[PDB]
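A note on names: the letters A, B, ... follow the listed sequences, proteins ahead of strands, and every chain is numbered from 1. Hydrogens, waters and symmetry mates are skipped; everything else that's a heavy atom, side chains included, is used.
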Amino acid sequence: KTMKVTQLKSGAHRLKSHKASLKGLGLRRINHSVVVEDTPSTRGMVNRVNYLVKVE
Amino acid sequence: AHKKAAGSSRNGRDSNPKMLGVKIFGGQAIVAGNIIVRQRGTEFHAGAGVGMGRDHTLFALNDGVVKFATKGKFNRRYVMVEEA
RNA sequence: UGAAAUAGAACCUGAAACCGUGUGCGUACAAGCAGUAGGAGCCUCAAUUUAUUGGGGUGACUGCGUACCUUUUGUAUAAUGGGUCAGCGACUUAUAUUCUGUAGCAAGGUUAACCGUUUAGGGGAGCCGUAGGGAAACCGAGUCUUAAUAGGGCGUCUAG
RNA sequence: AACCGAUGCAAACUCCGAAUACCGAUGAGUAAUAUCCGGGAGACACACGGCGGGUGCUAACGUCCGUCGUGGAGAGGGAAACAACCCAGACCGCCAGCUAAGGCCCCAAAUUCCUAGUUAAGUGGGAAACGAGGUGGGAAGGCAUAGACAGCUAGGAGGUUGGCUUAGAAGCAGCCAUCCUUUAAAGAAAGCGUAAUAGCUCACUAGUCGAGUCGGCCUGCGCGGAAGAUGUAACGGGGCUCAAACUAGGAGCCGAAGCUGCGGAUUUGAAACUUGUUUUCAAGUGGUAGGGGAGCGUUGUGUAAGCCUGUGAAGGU
RNA sequence: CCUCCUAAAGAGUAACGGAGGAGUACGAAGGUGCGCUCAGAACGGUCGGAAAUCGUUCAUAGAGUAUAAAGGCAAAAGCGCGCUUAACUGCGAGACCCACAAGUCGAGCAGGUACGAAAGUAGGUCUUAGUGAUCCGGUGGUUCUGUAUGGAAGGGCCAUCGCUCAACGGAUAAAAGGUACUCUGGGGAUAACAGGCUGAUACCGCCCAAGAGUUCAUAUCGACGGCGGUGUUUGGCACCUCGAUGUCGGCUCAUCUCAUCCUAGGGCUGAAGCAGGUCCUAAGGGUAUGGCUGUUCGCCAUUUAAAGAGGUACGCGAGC
RNA sequence: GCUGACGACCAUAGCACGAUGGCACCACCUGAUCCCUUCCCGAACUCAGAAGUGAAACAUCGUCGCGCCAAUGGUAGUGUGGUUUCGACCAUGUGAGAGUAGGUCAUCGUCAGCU
């Protein structure tokens, strides 16, 4: 199964790993939505940047 | 310099760093001769498969996987190289 | 007179700074890098069946807006430099060497000075490449260290 | 001194002891990765805002480290104006739309929006110890029609001027007790007063009147404390009081060069008539020092005994 | 150069930050085999005690470890004894650390040993400080070279000696000062003036109330302490200016603040009156001349209702 | 069933107090010719042995007096995002130390010997 993740705030001034958690999901800019597999490994990327992203 | 209470207190020197500590941590692959711990005294003791240098340096005598354990009646910290 | 005379002797052409004259528009209740984005009015040309567009000039009024260079952590800076214009003004040349590209030849490539009836042709002296190891003798895909045939160092199994 | 028991503290104390950080392993997905070799550099004056410290005064737009963000070298919106704060990374064009931070009475785009309260100080819109009977709320309490709190009337006394001390200490300078009696009640006195007494009150009791009242604790928002030099001058201004302030919610909307929409350019990579031969797709395109790539123009040489040019070259405008 | 902390639980990490050590020692204080266990306290005992030596009981180190500190140390790394020279030679897989040059650890192999009955252990010392590149010159060895040839000289290779080259990556074998007689290139990268930030200090105010005030804390003053305001003293910083912002004082001419010197209005008073003392309000006006000294100031003389405290680039030199 | 050797583990295993054990085993024990011992000492080491004894030691058993171990809950701290009057607070994820309830007189392996 998959999930939809959307970036709401910018990830341009974040920590190095928070920047790389956005890029580990495929998110590139604000209001960019990607579909990604729902696994604990990908959900932990969402966890690292939960203030940035929103899971539909 | 009213109250005149100041004055030189010459203690402005120090020594160079020695870069001690654990070099290879537990569960890591190791080859013979690789230094595991650089230390002063035996903070860690050489277990099976680990040698001890004149500097108290602990190094691998043989290849395998480095393992840490607290063993013995003195509750000492031992480092071993398990053949794995 | 001369083709020409705003070619008339300060004489070919006659730029800019700078200074006048004329025409159109704006400007004497409004605060600042003087523009920019809008924008009314006016004036002037070309079409058009006659104020409707289009081009040009001006810019009431509104918003925004503290020159440029240099040097700096940081300049509207009250830090530097420039009054303006025009002209001139600062990474070159010779040789050596290294890397890259390209071209010719290619395990080979190339001549230099010179000669030459001279960019040709000749001239192979020399240079680079094709083997390394070691201070060297020396040996050589090996060689050095060593008592060691062990270990280890440096090399080996093309493109110049 | 120790030794026991309670009780604190320490960078150079530790019986203990995280979170993170770091070093590894395994595993997905996403990603213009990591590493090595060579050509060319620039830089080795950094700054601020957080966080952990040393120094300083837990002073400095101070200084020295570590660590993160921003500036440097970064425009746009917000903070009135404001390199370093917040939001957000400008390829170009549009008189399109949605939002971020911040905002919505007027200057000035968008709510004189809705609900429940608080403030009366223009607090909001500088400043503390400390003070006060501001005001709201919350947990409890003491007393009360066996008349509560306040007021008014009457008493508030006798041993005794307690003992001591002291010049004096007589309830009331100070030290040691808080005793007894008539009691409805009256302290060996809570104040004023006297040199000491005297004197006036109070505590306390009874009476009058008649209904609630008294004092602490905690919480919110206020008050005073609060004096400076060119001019209001400590909301940017106007102005604002069932707010246009504050608290807690809710719904709209404005709001950027962010995102989307439309058109166009461009770098890199990707399936091919294949060297820009063509259609696309994907990810990009702020930028100083600096590195890489592609071009424009000028003078001169060959092309050129060409081509153009008095039917007008160069130059000027 | 070493040790601890700063140093933010891997490493590293600065300050003219807080504390200490080193520039050695040892042929045994190294190696090995064997053996041993300390500091203290109490009790008993001639001199003899608080403590010498002896005996007994507790006693994981409260001792020792050559040398500071840290980390270690019972298989003792601590303490003795016998024999010894591994304080070897050629090396070294592999690592740590590291800009380089350096530095650190190292099993294993070969040769020759030392100790042990042997398995074994030993390439100095519990470790981390005890150090100095290259050049040059000296010495012990060596077939490497040897300018016609044989030699030799000289050189090379291996080993080793000569540094407070201590400014310790060492500029030369060899080195002090003055300049107000000065000069050039630069810097607001960096001081002196003034501004800015800050407010330790200063000044002013408030809180508490021990006391002084014959009595009586609060008329007046305010010990010990606490909290602020100002920018106002003495300072701190180095942000602006070094392709120039003229220093103090005087003169002239000012402008503002109020923490008010006079005058005005008040409360309290240890306010009889007259005079005051404090505190509140109040900035409209006013608020000297001289002697001394460059002085601002300050002392003094004589006045005045009073002779204010301050800001203004410690106002004012393109005004003197 | 118990004893001894060597290990695992290293206090929930230790300390303390009491009790039990001598057929084997162990320990004290006898003696010092011999090997070997003492900077003196047959104390320790070493040998030759079996009269005595489980007194000591040792082993085993018992207990909570000490020591040790130790929750649950809460608190402190803390990564990330936000806010702040700079003390802290909110969201999320972690989460001690101390202390309390409580637990504890260990638990196993190989071999040999008596039963």
Side-chain angles (χ1 to χ4, degrees), chain A, chain B residues 1-3 5-84:
Chain A
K1 67 171 283 172
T2 55
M3 57 160 158
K4 299 293 287 183
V5 196
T6 295
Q7 199 180 314
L8 304 314
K9 308 168 148 187
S10 89
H13 311 299
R14 309 284 167 197
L15 299 185
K16 203 198 171 17
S17 59
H18 299 212
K19 265 164 185 284
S21 288
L22 281 179
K23 208 173 64 93
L25 292 167
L27 302 164
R28 288 163 185 299
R29 65 214 157 276
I30 305 189
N31 292 20
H32 178 208
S33 177
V34 302
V35 86
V36 74
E37 73 196 32
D38 189 351
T39 73
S41 298
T42 65
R43 281 261 175 198
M45 273 167 260
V46 169
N47 188 4
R48 200 61 93 202
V49 291
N50 43 81
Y51 60 97
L52 263 156
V53 301
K54 197 31 82 203
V55 182
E56 277 56 38
Chain B
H2 277 116
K3 197 119 163 63
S8 212
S9 297
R10 186 273 218 251
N11 51 30
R13 86 232 127 247
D14 195 3
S15 67
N16 300 337
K18 286 317 174 292
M19 289 66 89
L20 302 183
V22 182
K23 264 41 174 161
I24 302 166
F25 299 80
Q28 294 194 25
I30 200 175
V31 302
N34 275 19
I35 289 167
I36 311 178
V37 191
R38 305 216 88 150
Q39 59 187 3
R40 297 286 168 265
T42 50
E43 290 155 17
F44 292 92
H45 289 85
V50 161
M52 182 204 171
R54 65 170 303 277
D55 213 343
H56 304 307
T57 315
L58 306 177
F59 57 99
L61 295 170
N62 36 27
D63 308 337
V65 158
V66 56
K67 185 212 195 189
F68 289 80
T70 288
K71 273 194 339 203
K73 83 213 162 93
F74 283 111
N75 287 40
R76 299 289 168 78
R77 299 181 289 178
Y78 275 90
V79 65
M80 296 81 54
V81 168
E82 296 190 307
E83 315 320 314

Residue pair A:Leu25, A:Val46: steps toward the side chain to side chain contact (heavy atoms under 4.5 Å, CB included) verdict: CA-CA 8 Å; A:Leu25 292 167; A:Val46 169; 3.8 Å; yes

Contact check, side chains of A:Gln7 and A:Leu22, non-hydrogen atoms, under 4.5 Å: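 Yes, at least one pair of side-chain atoms sits under 4.5 Å.
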
A side-chain contact here means heavy atoms from C-beta on lying under 4.5 Å apart; do B:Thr42 and B:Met52 qualify?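 Yes. Closest side-chain heavy atoms under 4.5 Å.
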
Backbone of [Y] reached by a side-chain donor or acceptor of [X] within 3.5 Å:
X	Y	value
B:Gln39	B:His56	yes
B:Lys18	B:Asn16	yes
A:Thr2	A:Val35	no
B:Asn62	B:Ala32	no
A:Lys19	A:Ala12	yes

Find the distance between [atom1] ([X]) and [atom2] ([Y]) and round it off to the nearest 0.5 Å.
X	Y	atom1	atom2	result
A:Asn50	A:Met45	CG	CE	14.0 Å
B:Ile24	B:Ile35	CD1	CD1	8.5 Å
A:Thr39	A:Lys1	OG1	NZ	11.5 Å
A:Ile30	A:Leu8	CD1	CG	8.5 Å
B:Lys23	B:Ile30	NZ	CD1	13.0 Å

According to a hydrophobic-cluster definition based on side-chain heavy atoms being under 4.5 Å apart (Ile, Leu, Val, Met, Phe, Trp, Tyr only), do [X] and [Y] belong together?
X	Y	result
B:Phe59	B:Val81	no
B:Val22	B:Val66	yes
A:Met3	A:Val34	yes
B:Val65	B:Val50	no
A:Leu52	A:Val55	yes

Surrounding NZ of A:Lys54 (heavy atoms of other residues, nucleotides or ligands, distance under 6.0 Å), is the total greater than 12?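 Not more than 12 within 6.0 Å, no.
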
Distance-minimising heavy-atom pair for [X] and [Y]:
X	Y	result
A:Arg48	A:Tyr51	O-CE2, 3.7 Å
B:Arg40	B:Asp55	NH1-OD1, 3.5 Å
A:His32	A:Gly26	CE1-O, 3.3 Å

Identify which one of B:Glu43, B:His45, B:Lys71 satisfies the side-chain contact (heavy atoms from CB on, under 4.5 Å) criterion when paired with B:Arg76.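 By the side-chain contact (heavy atoms from CB on, under 4.5 Å) criterion, B:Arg76 pairs with just one of B:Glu43, B:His45, B:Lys71: B:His45.
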
In terms of ring plane angle, is the pair B:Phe44 and B:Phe68 parallel, tilted or perpendicular, where the classes change at 30° and 60°?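 B:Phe44 and B:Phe68: perpendicular rings.
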
Please list, chain by chain and in numerical order, all residues satisfying salt bridge (charged side-chain N to carboxylate O under 4.0 Å, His left out) with B:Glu82, sequence neighbours excluded.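 In terms of salt bridge (charged side-chain N to carboxylate O under 4.0 Å, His left out), with neighbours along the sequence ignored, B:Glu82 is linked to B:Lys67.
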
